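Residue strings, one per chain:
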Amino acid sequence: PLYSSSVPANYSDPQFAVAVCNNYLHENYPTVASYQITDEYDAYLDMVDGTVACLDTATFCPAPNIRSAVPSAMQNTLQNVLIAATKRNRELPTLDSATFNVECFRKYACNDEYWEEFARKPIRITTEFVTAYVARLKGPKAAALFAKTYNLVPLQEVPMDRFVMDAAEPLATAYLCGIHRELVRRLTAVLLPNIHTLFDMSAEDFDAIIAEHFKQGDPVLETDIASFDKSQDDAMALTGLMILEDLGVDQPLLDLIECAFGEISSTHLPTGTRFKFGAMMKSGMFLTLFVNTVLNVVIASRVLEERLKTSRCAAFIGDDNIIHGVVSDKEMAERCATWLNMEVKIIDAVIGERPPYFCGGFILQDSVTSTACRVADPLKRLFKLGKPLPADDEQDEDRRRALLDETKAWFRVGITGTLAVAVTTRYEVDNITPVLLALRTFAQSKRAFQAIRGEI
Amino acid sequence: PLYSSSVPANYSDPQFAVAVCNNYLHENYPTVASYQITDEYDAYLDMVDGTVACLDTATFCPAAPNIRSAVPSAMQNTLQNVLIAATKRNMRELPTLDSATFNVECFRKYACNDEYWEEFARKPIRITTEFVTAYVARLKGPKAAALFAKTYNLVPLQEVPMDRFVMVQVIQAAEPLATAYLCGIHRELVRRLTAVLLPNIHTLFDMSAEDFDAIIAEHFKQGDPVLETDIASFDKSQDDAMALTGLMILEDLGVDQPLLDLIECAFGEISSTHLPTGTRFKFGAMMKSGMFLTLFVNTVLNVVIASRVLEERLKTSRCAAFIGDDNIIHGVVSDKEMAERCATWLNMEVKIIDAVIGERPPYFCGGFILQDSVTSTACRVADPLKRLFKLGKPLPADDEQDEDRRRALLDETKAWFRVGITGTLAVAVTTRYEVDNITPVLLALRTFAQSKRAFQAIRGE
Ligand SMILES: [Mg+2]
Ligand SMILES: [Mg+2]
Ligand SMILES: [Mg+2]
Ligand SMILES: [Mg+2]
């Protein structure tokens, strides 16, 4: 209870205090990063109904939705990848673990045809892309103004010294969007054709893949990595950096990525009254989702080994996956246990009995067509609809149309019964069908949907 | 692919659909519970700067600067899962009973005296007329308390019969009575836990910053080792043996079956208030009651985990402090046997951290345990990096809350600028996070705190 005398000091202007706080966070990124960044990720993903729907309806950097009512819990994977990059430019135990991880990823998930190309051809964004990026935002005229203003020479890579920031942020935002598009394209090239990602895939196109490969009685395996804080794991971060490098993210690109994203850290104050959801925000969130998907595949590669390679159909996006035709064994369980302790668990599901789960939905067999499909989880949706929300007529209509789309799937005459069975099987709850009927009531009109929020 | 034809299907009255959703969640509690409940817990706790500040400044159910934390709350529904364990209780799950019974043995042997269990077993918790009247008198004055007592036919010097507010469903005309009753349960649970815990084991259910600093000062010296068990990654709320451990210790403290029935009945009704949502969380007394009970069980399981991992080293520690998921244990250093006990039991979901006063600062409730370089006396100082992170939250205008937040920041900056604190705090922040000298941030936050006009620069516009 003996405190020394307190003598506070301060700056002569609050704007000095703002700049000092922003500058401090800028200078100390990536070592630390504000949790407001991932809170903003969660808020955006929750508002657009999750990862796949966010990627599929991307307004700034594109390429019925797959919608999930599961709350987002994003961690700053990209921050820790950049921490690994700084540490690389002793812990050879980490290096040997990450190297083995990359070996498993290549051996069991990838072809080997493209690594030489990507090594000699790092990712570089061109004038034509960033112009077409601005053209789709504001029209052909504003893009030619954009190319003239930055002195962009046609058919040339955008010079990196044209816009580095270690205010031309429109150019930097356009460049980062080109990086994400090329990363998705290059990852799609290396992955074996039975291994699918969902960076831009509608519910109908994914359902075509499910319908083709998933039959009644088929086992489906899931690796649950929700409890594994891979974003704060040293070997995972180095694995992510290593595979990004293999895909063409060289040191100039890494420097550009760290420079651009240190600038987000500097937009801490003033806060405003709501998350601004910038286009730069979305680029960082997209890159985080990309690395998470890769690490998801890496974990499945190391745990399943050849059983992943020979799977007839395996799908990955964010932290979620399903792997057809694989049943856990004890060699598999020991590998997963000795490597990641109980941070990652293996789930054995079966089409028609113990339903597989994927992106907040059930993999169900339609009882009329005998065709498998993904159906959104109605219990999660009901939970999500309880969120108190300020009045917003345009967003209310968006949410109502999303509910309408979901209820149309629930009331397919081959789905309603097996969906209620799956919900009771997964959660041990009573028959969900009265809630299905209630939610469809809300969905059919703007007036009925208003009952969810209530008066005032 | 191929979809069967969709024949969508609805009700006519939207109010009927509301009732169906509410009744469904009511009927299927505790089996499932909406995450809106724990999102509301987090929102309330973040608003009032965390667990200790929330209990220390409890508006409805309480017993100077507060122990405030800028660490975001991530609450789980521990009380839900205790009630599931109660349902499961009323042989294939024998290992669960074996594990939870061993947990309670460890809790009793290494954290408790043995004096009170017989009394609590024959005297279950029952709340009396005098408490609920005094509860209402504190809230609305002695006139309203007498009105309250007369309305419910409360007989003085007598326990409140549970048939006055629960028929098992809560009489809605007697909801104020039920909330007053649950506040009495929390106060008695805190009293009885304090009775059984060894005197060197402290909880912070009602402790000011000054009072806790007095305990830190007496016991924590320069160079003293301080152990922490990190259970933040341990999802003890959906662990079967943890939930059953919490149930049995509640029972050992006097929560018998009628009391459990009341608790499940009252909080199942909360599940039936899912819709309509309104525009913001309403908070309110029944929400706070369930949150306090969750914090209580979490604190107990926190002590349980330390008991089983540390064994006699918890018992002989000169000072161990617990609240929520956080703890510090004076004078203990991890060893191989301890790490193996922890890993074998909870498989690297609980981490043991070795701290040292003055070199690697112990961390507790979003603050550092530091030795004042001038008084040579140890104390807790709030983490300035966490506070900086928290101030970045975009917030709608609220003149009253803005002044509350500015005044709390003023108190925090006062500790940071004690002439014996600033230096070792900068070193501690750099040691913990590997960041540059935090002192410019200390000055910037003090700038915001000095006036309402300066504080407006955080939100801007
Ligand atoms: Mg390489
Ligand atoms: Mg999964
Ligand atoms: Mg007992
Ligand atoms: Mg701790």
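As presented, residues are numbered from 1 along each chain according to the written sequence, a scheme that may differ from that of the entry, and residues lacking coordinates are left out. Written order determines the labels here, with chains lettered from A and ligands numbered from 1. Each side-chain value is worked out from all heavy atoms of the structure, with water and hydrogens disregarded. Residues with missing side-chain atoms are left out of burial classes, side-chain pairs and their counts.

The record lists X-ray crystallography as the method behind this PDB entry and 1.86 Å as its resolution.

(A) Here's a closer look at the overall build of chain A. What counts as a helix is a DSSP run of H or I of at least four residues, what counts as a strand is a run of E of at least two, and both are numbered from the N terminus. Helix and strand counts for chain A come out as 20 helices and 7 strands. Here the C-alpha radius of gyration of chain A, 24 Å, is about what a compact globule of 456 residues would show, namely 23 Å. When its C-alpha atoms are laid out on the principal axes, chain A stretches across 70 × 65 × 60 Å. For a compact globule the rule gives 2.2 Å times the number of residues to the power 0.38, and the radius of gyration it is set against comes from C-alpha atoms.

(B) Quick look at the overall build of chain B. A count of helices and strands for chain B gives 20 helices and 7 strands. For 461 residues, the compact-globule estimate of 2.2 N^0.38 gives 23 Å, and the C-alpha radius of gyration of chain B, at 24 Å, lies within 12% of that figure. Reported as C-alpha extents along the three principal axes, the dimensions of chain B are approximately 70 × 65 × 60 Å. Here chain B holds 461 residues, and 57% of them are scored as buried. Of the roughly 19300 Å² that chain B leaves accessible, carbon and sulfur atoms contribute 52%. Measuring between centres, the 45 positive side-chain charges of chain B sit 4 Å from its 60 negative side-chain charges. Buried, partly exposed and exposed residues are distinguished by accessible area as a fraction of the type maximum, computed with a 1.4 Å probe on protein chains only: under 20%, between the cut-offs, and over 50%, respectively. In this description, accessible areas are obtained by the Shrake-Rupley approach with a 1.4 Å probe, and a residue is regarded as covered only by the protein chains that are shown. None of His or the chain ends enter the tally, which takes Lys and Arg as positive and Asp and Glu as negative. Charged side chains are reduced to one point each, which is NZ for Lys, CZ for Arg, CG for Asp and CD for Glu.

(C) Geometry of the interface of chain A and chain B. Counting residues at the interface gives 91 residues for chain A, matched by 89 residues for chain B. For the side of chain A that touches chain B, the elements supplying multiple residues, two or more each, are α1 (14-27), α2 (35-47), α10 (203-213), α16 (378-385), α19 (433-444) and α20 (446-453) of chain A. Among the elements that take part in the side of chain A that touches chain B, α19 of chain A stands out by supplying 10 residues, more than any other. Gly is put with the polar residues, along with every residue not named as nonpolar or charged; the nonpolar set is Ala, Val, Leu, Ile, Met, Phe, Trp, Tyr, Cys and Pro, and the charged set is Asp, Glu, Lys and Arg. Tallied by class, residues from the side of chain A that touches chain B come to 53 nonpolar, 23 polar and 15 charged. In what follows, a contact means two residues having at least one pair of non-hydrogen atoms within 4.5 Å.

(D) Layout of the packing of α1 of chain A against helix α19 (residues 439-449) of chain B. Here α1 of chain A crosses α19 of chain B at 145°, and the two axes come no closer than 9 Å. Helix-helix and strand crossings are classified by hand; for α1 of chain A and α19 of chain B the assignment is left-handed. Across the interface between the two elements, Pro-14, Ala-17, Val-18, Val-20, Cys-21 and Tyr-24 of chain A of α1 of chain A pack against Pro-440, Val-441, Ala-444, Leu-445, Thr-447 and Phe-448 of chain B of α19 of chain B. Across the contact of α1 of chain A with α19 of chain B, the residue classes break down as 11 nonpolar, 1 polar and no charged. Every angle, taken between N-to-C directions, lies between 0 and 180 degrees, and every axis is a line fitted to C-alpha atoms, over only the stretch in contact when it is a helix. Throughout, a crossing is termed right-handed when the near helix is turned clockwise from the far one, and left-handed when it is turned anticlockwise from it by less than a right angle.

(E) Here's a closer look at the state of the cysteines. Defined by distance alone, a disulfide is two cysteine sulfur atoms within 2.5 Å. Overall, the coordinates contain 2 disulfides over all chains when judged by the stated rule. Each disulfide pairs two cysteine sulfurs, and for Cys-61 of chain A the partner residue is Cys-177 of chain A, the sulfurs being separated by 2.0 Å. The sign of the 85° torsion about the S-S bond sets the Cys-61 of chain A-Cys-177 of chain A disulfide as right-handed. Across the pair, exposure class does not vary: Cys-61 of chain A and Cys-177 of chain A are buried alike. With its sulfur 2.0 Å from that of its partner, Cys-61 of chain B forms a disulfide with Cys-183 of chain B. As the torsion about the S-S bond is roughly 85°, the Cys-61 of chain B-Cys-183 of chain B disulfide counts as right-handed. Judged by relative accessible area, which is 8%, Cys-61 of chain B ranks as buried. On the accessibility criterion, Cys-183 of chain B (7% relative accessible area) is buried. No disulfide involves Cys-104 of chain A; its sulfur sits 11 Å from the nearest other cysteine sulfur, which is in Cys-110 of chain A. Its sulfur unpaired, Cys-106 of chain B is 11 Å from the next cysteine sulfur, which belongs to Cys-112 of chain B.

(F) Region of interest: the sheet that holds strand β2 (residues 225-230) of chain B. Residues and elements named next belong to chain B. Two strands pair under a simple rule: DSSP has to find at least two bridges between them. Taken in spatial order, the 5 strands make up an open sheet running β1-β3-β4-β2-β5, and their pairing is mixed. The open sheet is flanked by β1 (201-203) and β5 (351-356), the only strands paired with a single partner. Mean inter-strand twist for the sheet, computed between neighbouring axes without regard to direction, equals 20°. One ladder, built from 2 bridges, connects β2 with strand β4 (residues 326-330); its direction is antiparallel. Bridging from a neighbouring strand, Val-226 pairs with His-330 of β4.

(G) Broad picture of the pattern of salt bridges. All names here are of chain A. A side-chain nitrogen of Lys or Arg and a carboxyl oxygen of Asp or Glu constitute a salt bridge if their distance falls within 4 Å. Enumeration according to the criterion identifies 39 salt bridges over all chains in this entry. One salt bridge in this structure joins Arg-124 and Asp-250, with 2.6 Å as the shortest N-O distance. Linking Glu-406 and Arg-381 is a salt bridge whose minimum nitrogen-to-oxygen distance equals 2.7 Å. Of the two residues, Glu-406 sits in helix α17 (residues 393-410) while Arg-381 sits in helix α16, which places them 25 residues apart along the sequence. The class of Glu-406 is buried, set by a relative accessible area of 7%.

(H) Just the sheet that holds strand β2 (residues 219-224) of chain A, in detail. Residues and elements named next belong to chain A. Taking strand neighbours across the sheet as the criterion, the 5 strands line up as β1-β3-β4-β2-β5 in an open arrangement whose pairing is mixed. Looking at which strands have only one partner, the edges of the open sheet turn out to be β1 (195-197) and β5 (345-350). For this sheet the average axis-to-axis angle between neighbouring strands, irrespective of direction, equals 20°. The pairing of β2 with β5 spans 6 bridges and is antiparallel. Bridge pairing in β5 places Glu-222 opposite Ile-347.

(I) Fine view of unusual backbone geometry. Residues and elements named next belong to chain A. Cis rather than trans, the peptide bond between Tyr-29 and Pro-30 has omega equal to 5°. Of note, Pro-30 is situated in the loop between α1 and α2. The backbone of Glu-305 sits at a positive phi, close to 50°, despite the residue not being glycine. By secondary structure assignment, the location of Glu-305 is in the loop between α13 (279-304) and α14 (306-309). We classify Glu-305 as partly exposed; its relative accessible area is 25%.

(J) Region of interest: the side chain of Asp-224 of chain B. Residues and elements named next belong to chain B. Within the secondary structure, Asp-224 is located in the loop between α10 (209-219) and β2. Although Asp-224 lies buried, it forms no salt bridge, and the closest oppositely charged side chain, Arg-318, sits 6.5 Å away as judged by the N-O distance. Separated by 2.6 Å, the side chain of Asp-224 and the backbone nitrogen of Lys-221 make a polar contact. Not counting residues up to four positions away in its chain, the partners in contact with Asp-224 are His-219, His-330, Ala-355, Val-356 and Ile-357. The term polar contact refers here to a pair of N or O atoms within 3.5 Å; inside protein, the definition further demands a hydrogen-donor-capable atom paired with an acceptor-capable atom, and it admits residues adjacent in sequence only when both atoms are side-chain atoms.

(K) Molecular detail of the packing of aromatic side chains. Only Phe, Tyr and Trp rings take part, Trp by its six-membered ring, and two of them pair if their centres are within 6.5 Å. Stacked means planes under 30 degrees apart, edge-to-face means over 60, and tilted covers everything else. A complete count under the given rule lists 21 aromatic pairs over all chains for this structure. Ring centres 6.0 Å apart and planes at 20° place the aromatic pair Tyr-114 of chain A and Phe-118 of chain A in the stacked group. Take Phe-118 of chain A: its relative accessible area is 1%, and that puts it in the buried class. Across from the ring centre of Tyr-357 of chain A, 3.8 Å away, lies the NZ or CZ of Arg-426 of chain A, which sits over that ring. The criterion is that NZ of a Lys, or CZ of an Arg, lies within 6 Å of the ring centre and within 35 degrees of the ring normal, and then a charge sits over that ring. Between the NZ or CZ atom of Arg-432 of chain B and the centre of the ring of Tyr-363 of chain B, over which it lies, the distance is 3.8 Å.

(L) A look at the environment of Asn-22 of chain A. All names here are of chain A. Relative to the helices and strands, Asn-22 is located in helix α1. In the structure, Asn-22 is positioned 17 residues away from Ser-5 in sequence and 29 Å away in space, judged by C-alpha atoms. Apart from residues lying up to four places away in sequence, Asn-22 is in contact with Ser-265, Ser-266, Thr-267, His-268 and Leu-269. There is a polar contact of 3.1 Å between the side chain of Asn-22 and the backbone nitrogen of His-268. A polar side-chain atom of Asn-22 sits 2.8 Å from the main-chain carbonyl oxygen of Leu-269.

(M) Summary view of the packing of α16 of chain A against α17 of chain A. All names here are of chain A. Interaxial distance between α16 and α17 falls to 12 Å at its minimum, and their mutual angle equals 160°. Considering their axes alone, α16 and α17 lie roughly antiparallel with respect to each other. Crossing geometry of α16 relative to α17 is assigned as left-handed. Touching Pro-378, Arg-381 and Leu-385 of α16 are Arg-399, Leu-403, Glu-406 and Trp-410, all from α17. For the contact of α16 with α17, the per-class residue count stands at 4 nonpolar, no polar and 3 charged. Roughly parallel here means an angle under 35 degrees, roughly antiparallel means over 145, roughly perpendicular means 65 to 115, and every remaining angle is called oblique.

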